Amino acid sequence: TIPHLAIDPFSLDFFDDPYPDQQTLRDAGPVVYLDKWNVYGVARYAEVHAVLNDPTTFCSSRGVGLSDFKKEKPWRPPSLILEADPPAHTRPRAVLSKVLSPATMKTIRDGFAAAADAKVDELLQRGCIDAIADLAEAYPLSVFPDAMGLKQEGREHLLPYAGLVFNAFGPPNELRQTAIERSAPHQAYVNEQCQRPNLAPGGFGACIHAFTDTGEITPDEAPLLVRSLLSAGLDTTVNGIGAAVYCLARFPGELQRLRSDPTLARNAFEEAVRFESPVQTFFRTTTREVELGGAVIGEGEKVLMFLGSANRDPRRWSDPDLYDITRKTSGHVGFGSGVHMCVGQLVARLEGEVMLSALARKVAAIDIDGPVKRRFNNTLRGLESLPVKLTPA
Ligand code: HEM
Ligand SMILES: [Cl-]
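**Here we look at the overall build of the chain**
Okay, so step 1: For the chain, the helix and strand inventory stands at 16 helices and 13 strands.
Okay, so step 2: Its C-alpha atoms give the chain a radius of gyration of 20 Å, within 12% of the compact-globule value 21 Å for 393 residues.
Okay, so step 3: Dimensions of the chain, computed from C-alpha atoms along their principal axes, come out at roughly 60 × 50 × 35 Å.
Okay, so step 4: Counting the 393 residues in the chain, one finds 59% classified as buried.

Shown next, in the form of structure tokens:
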């Protein structure tokens, strides 16, 4: 028998304080039934991690949101990559993997680091900044669209585009309804920047499009792959970075450790990703009857994975509720795991690294000073505003 719970993990109350209810999702049993949305979920590390690693049994091609693409109409034409199963996923995955290769990262590290240092310098002149608008938002908007090869005009549509994409994986609540009602201009902006003549030479977009010349992909597939990175590749990194700064604001000890060995920057970032888990949840759909956590679940059933919970499971993590910048963070699910593991993880790490490295060197203290405000989203977890005073080194 599977435990029934009344917890609504897509509700404003849940978002505002998820941690008690997350314990209850874990502690009820390895598999629970969410009364509210009529679906099964798993919130322990072990089940979440095992579900990721068996795409044959737990498919994505039926949507990674509540909606089941076999029975219901997708809100937009499905992602080629996020919403496909091997073998179909493989070709496009390989395409995005080359575009975002370690080697590509080497070519862009220095520019990214330069901006990250310039950015921090600038903020110290001001003293009082908002770590979201001025830092977690400004910094990635300052490097990632250029790196994509996007034109100046229309950029304002990127963050709201992401929000919509991420609201849409959820149940049909007001967050979701409202996002879709207001989708058209964002979609029209992105559909236009996905086109070849609009991506600057040598940027991710053009680089994507080059795969059409070799036959690696069709002229039609290219824009839809550009659309993938315009969906997933900004807002996550905004929330990951905001997580990191939020953490070092709350954990002064850890900041001094980081100041003390700036080479901890990359791992300090990884640890914020675990701890806050920017992307909180994703679904899968069973392709057969399957035993998971000791319960038998039938074919064609949606299963909710609580990535952020898994990342806080005391079964897997020593002292899960602590931000610890030397934690062996290897194994966390914040980026997913297995075939679909975040193909953009290296851009994200690069942003996080250099930002935390610049904060490491240039800043001696980071204090919260003001109302912290949360941003509600069906999938993404993060802040709207985090007012901080930065003390210079
Ligand atoms: C802190 C930042 C980020 C986080 C936490 C994050 C999180 C994730 C997670 C959890 C998955 C797994 C999806 C699944 O299993 O169904 C994923 C996949 C994906 N990510 Fe990210 N991501 C981040 C940044 C980025 C960036 C910078 C890009 C691109 C530039 C990106 C693009 C993608 C794409 C295209 C997929 C689909 C991969 C596939 O299905 O093979 N993400 N991401
Ligand atoms: Cl779209």
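**Details of the coordination of the iron atom of ligand 1**
Tetrahedral coordination by four donors places them ideally at 109.5 degrees to one another around the metal; octahedral coordination by six donors ideally gives 90 or 180 degrees.
Okay, so step 1: You will see that the iron atom of ligand 1 has only one donor from the protein, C342 (SG), lying 2.3 Å away.
Okay, so step 2: Its location among the elements puts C342 in the loop between α15 (307-310) and α16 (345-362).

**With respect to the packing of helix α12 (residues 235-250) against helix α14 (residues 265-276)**
Okay, so step 1: Following both chains from N to C, one finds α12 and α14 inclined at 95 degrees, their axes separated by 8 Å at the closest point. Comparing the axis directions of α12 and α14 gives the class roughly perpendicular. Between α12, through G240, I241, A243, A244, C247 and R250, and α14, the contact on the second element is made entirely by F269, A272, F275 and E276.
Okay, so step 2: Looking at side-chain class alone, the contact of α12 with α14 contains seven nonpolar, one polar and two charged residues.

**Here we look at the packing of aromatic side chains**
Okay, so step 1: Applying the stated criterion across every chain, the model contains 11 aromatic pairs.
Okay, so step 2: For the pair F10 and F283, a centre-to-centre distance of 6.4 Å together with 10 degrees between the ring planes defines the contact as stacked. Note that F10 is positioned in the loop between β1 (4-5) and α1 (12-16) and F283 in strand β6 (residues 281-286), a separation of 273 residues in sequence.
Okay, so step 3: Assessed through its relative accessible area of 1%, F283 is described here as buried.
Okay, so step 4: On the basis of an interplanar angle of 80 degrees and a centroid distance of 6.5 Å, the ring pair of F14 and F15 is categorised as edge-to-face. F15 shares its class with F14; the two are buried.
Okay, so step 5: Taken together, the ring pairs connect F14, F15 and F376 into an aromatic cluster.
Okay, so step 6: Of note, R250 hangs over the ring of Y246, and the distance from its end group to the ring centre comes to 3.8 Å.
Okay, so step 7: Here the guanidinium or amino end of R316 rests over the ring plane of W317, the centre of that ring lying 4.1 Å away.

**Overview of the sheet that holds β6**
Okay, so step 1: Spatial strand order, β1-β2-β3-β9-β6-β4: six strands in an open sheet with mixed pairing. Each having just a single partner strand, β1 and β4 (58-59) make up the two edges of the open sheet.
Okay, so step 2: Each of β3 (39-42), β4, β6 and β9 (302-306) touches helix α3 (residues 45-52); the most contacted strand, β9, lies at about 125 degrees to it.

**A few points about the site of ligand 1**
Okay, so step 1: Looking at ligand 1, there are 24 residues lining it, with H89, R93, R284, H340 and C342 nearest.
Okay, so step 2: Within the backbone of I81, an N or O atom sits 3.4 Å from an oxygen atom of ligand 1.
Okay, so step 3: Between ligand 1 and the protein, one listed contact pairs an oxygen atom with a side-chain N or O atom of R93 at 2.8 Å.
Okay, so step 4: Every element with two or more residues in the shell around ligand 1 is listed here: α12 and β6.
Okay, so step 5: In the shell around ligand 1, the residues fall into 14 nonpolar, eight polar and two charged.

**Focus on the pattern of salt bridges**
Okay, so step 1: Counted under the stated rule, the structure contains 24 salt bridges.
Okay, so step 2: The residue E122 makes a salt bridge to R126 at a minimum N-O spacing of 3.0 Å. Of this pair, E122 and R126 both sit in helix α5 (residues 102-126), four residues apart, roughly one helical turn.
Okay, so step 3: The partner of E276 in a salt bridge is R312, and the shortest N-O contact between them spans 4.0 Å. Placement of the pair is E276 in helix α14 and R312 in the loop between α15 and α16, with a sequence separation of 36 residues.

**Notes on helix α7 (residues 158-168)**
Okay, so step 1: Counting buried residues in α7 gives 10 out of 11 residues, a clear majority hidden from the surface.
Okay, so step 2: Of all the positions in α7, only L158, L159, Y161, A162, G163, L164, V165, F166, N167 and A168 are classed as buried.
Okay, so step 3: Looking at the buried side of α7, the elements it contacts are α6 (132-148), α8 (174-181), α9 (184-193), α11 (221-232), α12 and β6.

Conventions and cut-offs
- Residues numbered from 1 in each chain as written, not as in the entry; some residues may be left out.
- Chains lettered and ligands numbered in written order.
- Heavy atoms only, no water.
- Helix = DSSP H or I, 4+ residues; strand = E, 2+ residues; numbered from the N terminus.
- Rg over C-alpha atoms; globule rule 2.2 N^0.38 Å.
- Buried < 20%, exposed > 50% of the residue type's maximum accessible area, 1.4 Å probe, protein only.
- Donors = N, O, S within 2.8 Å, 3.2 Å for Na, K, Ca; no water.
- Axes fitted to C-alpha atoms, helices over the stretch in contact; angles between N-to-C directions.
- Parallel < 35°, antiparallel > 145°, perpendicular 65-115°, else oblique.
- Contact = heavy atoms within 4.5 Å.
- Nonpolar A, V, L, I, M, F, W, Y, C, P; charged D, E, K, R; others polar.
- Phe/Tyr/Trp six-rings, centres within 6.5 Å; stacked < 30°, edge-to-face > 60°.
- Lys NZ or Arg CZ within 6 Å of the ring centre and 35° of its normal.
- Pairing = 2+ DSSP bridges.
- Near = heavy atom within 4 Å.
- Polar contact = N/O pair within 3.5 Å; in protein donor to acceptor, adjacent residues only side chain to side chain.
- Salt bridge = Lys/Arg side-chain N within 4 Å of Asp/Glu carboxyl O.

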